[PDB]
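Residues per chain, in single letters:
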Amino acid sequence: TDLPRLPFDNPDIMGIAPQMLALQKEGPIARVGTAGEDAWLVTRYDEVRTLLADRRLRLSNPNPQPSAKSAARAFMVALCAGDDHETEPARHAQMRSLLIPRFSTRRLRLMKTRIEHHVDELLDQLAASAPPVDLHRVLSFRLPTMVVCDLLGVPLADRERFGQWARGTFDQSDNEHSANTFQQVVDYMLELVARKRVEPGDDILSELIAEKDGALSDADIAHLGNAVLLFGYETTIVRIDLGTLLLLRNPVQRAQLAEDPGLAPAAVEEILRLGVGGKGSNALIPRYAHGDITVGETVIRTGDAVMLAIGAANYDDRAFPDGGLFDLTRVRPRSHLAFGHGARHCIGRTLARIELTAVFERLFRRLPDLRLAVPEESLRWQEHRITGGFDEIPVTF
Ligand code: HEM
Ligand SMILES: CC1(C)C[C@H]2C=C(C(=O)O)[C@@H]3COC(=O)[C@]4(CO4)[C@]23C1
């Protein structure tokens, strides 16, 4: 008997670590070590989906002497209103209540139109340039930051100011850098709130300022805007990179999609399901048990940490036949867990799907000879950032 320790090694640049798949073959739940507390690791689709819907399993830590966390994880939990287990029910309910109507069908319809034109322009610029080109910098990075500028109602050049702040805030390796970056986010957002109070527009902070006849404080409003800024582009960038790499790996699927862009929605769902990078520490949703929960044979006790492996679950053969295969022709595939499930189900997921669909409708049609200009093995998943990701994707075309 050898206690497994997260994170597990992955000899590939994508996919699930072999040891996590081995645990998943054994059963749905295993006790593992981490860099901090030991935790229950749940790796099968059915059990992860069930626990994501279990109101006893929450983000906030109920423990009296809570384990220490990196500055990055503390900021992420506070942005998600999970920093105080006694106030999480009301604060999280208000958070979702205030954020969900900012992504209305009216707004998403307008943004889809703008996103499509912007991808067209981004790809014209790419196709006219001289290889090798960093696809990450000129495509993956540019579309989601454009979108966040649209949501916040700021000039597009602002993303050159804030484009690295998600990475810096969520740098688990440097508490000083994390804290200094977050202060920059706070300073910027407070500037923006004060501007929108006298110069509002069709944007998210203006709507919050107007909300409940102005009942929200500027600190409340900036807090929600920080969540939009820090959650609203970085993970989407990562999915554009992973989707590009996955399609480059599967030429038959890529050719199907180039021929029929109507397969883009199905490709986007396969990209989300299979898009896991490096050791995939970001494909785990963390929780604490606020009450005892039984998982098959295993009792999770109040206070226990739980890692719900949405990545592993999305690869689960029990839920997806040939779960490791990229397949554009899956008949009625189960809903993947890449946006989570239940109480904290991703608020931006419809917008994120709009962005990924617009890209992969166009990418291999516009650049039919696109391919990596370096070996895959030279691509470097950034394990120290909560959101992982590659720093560059050199391509030719
Ligand atoms: C492909 C891109 C994205 C992925 C893979 C993703 C993934 C996720 C996941 C797994 C969660 C659940 C976390 C948990 O259960 O604790 C989540 C929550 C959240 N996401 Fe997304 N997300 C994406 C894009 C976005 C975008 C574009 C926005 C906003 C513009 C956004 C806003 C949020 C917010 C505010 C939450 C917190 C929900 C809550 O705690 O109630 N996300 N995201
Ligand atoms: C709010 C989040 C940015 C969304 C989720 C997706 C992530 C990711 O794709 O990197 C983040 C990684 O860290 C987490 O705890 C997550 C899995 O919940 C995320 C928090």
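Position numbers follow the written sequence of each chain, starting from 1, instead of the entry's numbering, which may differ; residues with no coordinates are not represented. A letter from A marks each chain and a number from 1 marks each ligand, given out in the order of writing. With hydrogens and water excluded, all non-hydrogen atoms of the structure serve as input to the side-chain values.

If you check the PDB entry, the chain appears there as Pentalenolactone synthase from Streptomyces arenae. UniProt positions are given in the numbering used here, feature names are shortened, and annotations may be inferred rather than shown by experiment. Per UniProt, the chain has the following entry under Function: "Catalyzes the final step in the biosynthesis of the sesquiterpenoid antibiotic pentalenolactone by mediating the oxidative rearrangement of pentalenolactone F to pentalenolactone."

Undergrad: How should I be thinking about the sheet that holds strand β9 (residues 371-372) in this particular structure?
TA: Consider a sheet: its strands pair through backbone hydrogen bonds, and that pairing is either parallel or antiparallel. In this description, strands pair whenever DSSP reports at least two bridges between them. Segments assigned H or I by DSSP are reported as helices when at least four residues long, segments assigned E as strands when at least two residues long, and all are numbered from the N terminus. A sheet is described by the order of its strands in space; here three strands give the open sequence β4-β10-β9, paired in antiparallel fashion. Each edge of the sheet is formed by a strand with only one pairing partner; in this case those strands are β4 (133-134) and β9. Taken together, the two bridges between β9 and strand β10 (residues 394-396) define a ladder with antiparallel strand orientation. Looking at the pairing, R371 lines up with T396 of β10.

Undergrad: Teacher, can you tell me more about the coordination of the iron atom of ligand 1 here?
TA: Ideal geometry at a metal centre: 109.5 degrees between donors when four sit tetrahedrally, and 90 or 180 degrees when six sit octahedrally. Any N, O or S atom lying within 2.8 Å of the metal counts as a donor, and for Na, K and Ca the limit rises to 3.2 Å; water is left out, so some sites can look incomplete. A lone protein donor binds the iron atom of ligand 1: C346 (SG), at 2.5 Å. Position of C346 relative to the elements: it lies in the loop between α16 (310-314) and α17 (349-366).

Undergrad: What's the story with the sheet that holds strand β2 (residues 39-42) in this structure? I'm lost.
TA: Taken together, five strands build an open sheet; the order of strands is β1-β2-β8-β5-β3 and the sheet is mixed. What marks the edges here is a single partner per strand, and that holds for β1 (29-32) and β3 (57-58). Both β2 and strand β8 (residues 305-308) contribute to a ladder of four bridges, which runs parallel. Residue pairing for β8: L41 is matched across the bridge by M307.

Undergrad: Explain the site of ligand 2 here, please?
TA: Only a single heavy atom is needed: when it lies within 4 Å of a molecule or strand, its residue is near that molecule or strand. In the vicinity of ligand 2, the contacting residues are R73, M76, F231, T235, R239, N282, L284, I285, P286, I386 and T387. Contact between ligand 2 and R239: an oxygen atom at 2.9 Å from a side-chain N or O atom of the residue. Within the side chain of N282, an N or O atom sits 3.3 Å from an oxygen atom of ligand 2. Within the complex, the protein chains bury 80% of what would otherwise be the 410 Å² of accessible surface of ligand 2. Sorting the residues of the shell around ligand 2 by element identifies α3 (71-79), α13 (234-249) and β5 (285-289) as the ones contributing at least two each. Residues belonging to the shell around ligand 2 are distributed by class as follows: six nonpolar, three polar and two charged. Two N or O atoms form a polar contact when they lie within 3.5 Å of each other; inside protein one atom must be a possible hydrogen donor and the other a possible acceptor, and for residues adjacent in sequence the pair counts only when both atoms belong to side chains. Computed with the Shrake-Rupley method and a 1.4 Å probe, the accessible areas treat only the protein chains shown as cover for residues. All residues other than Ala, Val, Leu, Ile, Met, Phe, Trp, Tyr, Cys, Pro, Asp, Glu, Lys and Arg, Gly among them, are scored as polar; the first ten of these are nonpolar and the last four charged.

Undergrad: Got a minute to help me understand the pairing of β5 in this structure?
TA: On any regular strand, side chains alternate: one points to one face of the sheet, the next to the other face. Exposed residues in this analysis have more than 50% of their type's maximum accessible area, buried residues have under 20%, and partly exposed residues fall in between, with area computed by a 1.4 Å probe over protein chains only. By the criterion of burial, β5 is predominantly enclosed, with four of the five residues buried. The sheet contact formed by β3 and β5 spans two bridges and is antiparallel. Bridge pairing in β5 links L57 to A289. Sheet topology note: the β5/β8 ladder contains four bridges and is antiparallel. For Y288, the partnering residue across the bridge sits in β8 and is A305.

Undergrad: Explain α17 here, please?
TA: One turn of an α-helix holds 3.6 residues; hence residues three or four places apart share an orientation. Here a helix's expected span is defined as the number of its residues, less one, multiplied by 1.5 Å. Taking 1.5 Å as the rise per residue, α17 with 18 residues should run 26 Å; its terminal C-alpha atoms sit 26 Å apart, in good agreement. Here a residue-residue contact requires only that any non-hydrogen atoms of the pair lie within 4.5 Å. Lining the buried residues of α17 we find α5 (105-128), α6 (135-140), α7 (142-152), α13, α14 (251-259) and α15 (264-274).

Undergrad: Just to check I follow, could you spell out the packing of aromatic side chains for this structure?
TA: Aromatic ring pairs are described here by two measures, namely the spacing of the ring centres and the angle between the planes. In this scheme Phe, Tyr and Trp rings, the latter by its six-membered ring, pair at centre separations within 6.5 Å, and the angle between planes marks the pair as stacked below 30 degrees, edge-to-face above 60, and tilted otherwise. For the structure on display, the rule yields seven aromatic pairs. Aromatic pair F75 and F182: ring centres 4.4 Å apart, planes at 20°, arrangement stacked. Remark: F182 occurs in helix α10 (residues 175-198) and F75 occurs in helix α3; sequence separation between them is 107 residues. Considering the side-chain rings of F162 and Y233, the 5.7 Å spacing of their centres and the 45° angle between planes classify their relative orientation as tilted. Of this pair, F162 sits in helix α8 (residues 159-162) while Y233 is found in the loop between α12 (218-231) and α13, placing the two residues 71 residues apart along the sequence. Clustering of aromatic rings is evident, with ring pairs tying together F162, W165, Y188 and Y233. By definition, being over a ring means that NZ of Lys or CZ of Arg is both within 6 Å of the ring centre and within 35 degrees of the ring normal. Here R31 stacks its cationic end above the ring of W40, 5.0 Å away from the centre of that ring. Positioned above the aromatic ring of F320 is the side chain of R273, whose terminal nitrogen or guanidinium carbon lies 4.8 Å from the ring centre.

Undergrad: What am I meant to see in the site of ligand 1 here?
TA: Neighbouring residues of ligand 1: 21 residues in total, closest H92, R96, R287, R344 and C346. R96 is positioned such that a nitrogen or oxygen atom in its side chain is 2.7 Å from an oxygen atom of ligand 1. In the environment of ligand 1, an oxygen atom lies 2.7 Å from a nitrogen or oxygen atom belonging to the side chain of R344. Elements supplying a minimum of two residues to the shell around ligand 1: α4 (88-99), α13 and β5. Its residues placed into classes, the shell around ligand 1 shows 11 nonpolar, six polar and four charged.

Undergrad: Looking at this structure, how should I read helix α1 (residues 18-26)?
TA: Listed as buried for α1 are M20, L23 and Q24. Each buried residue of α1 sits inside an arc of 100° when the element is viewed along its axis, so together they form one side. Projecting away from the buried face of α1 at angles above 90 degrees are the exposed residues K25 and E26. Where α1 is buried, its residues meet β1, β2 and α16. The directions from the helix axis to the C-beta atoms form the arc being described.

Undergrad: What's the story with the pattern of salt bridges in this structure? I'm lost.
TA: Working definition: two side chains of opposite charge can pair if their charged atoms are close together. Whenever a carboxyl oxygen of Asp or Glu lies within 4 Å of a side-chain nitrogen of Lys or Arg, that contact is scored as a salt bridge. Going through the model one piece at a time under the given rule, you end up with 30 salt bridges. For the salt bridge of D83 with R91, the shortest nitrogen-to-oxygen distance reads 3.0 Å. Linking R161 and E191 is a salt bridge whose minimum nitrogen-to-oxygen distance equals 3.5 Å. Of this pair, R161 sits in helix α8 while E191 sits in helix α10, placing them 30 residues apart in sequence. For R161, a relative accessible area of 41% translates into the label partly exposed. Counted as one network, the salt bridges with shared partners bring together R102, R106, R107, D202 and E207.

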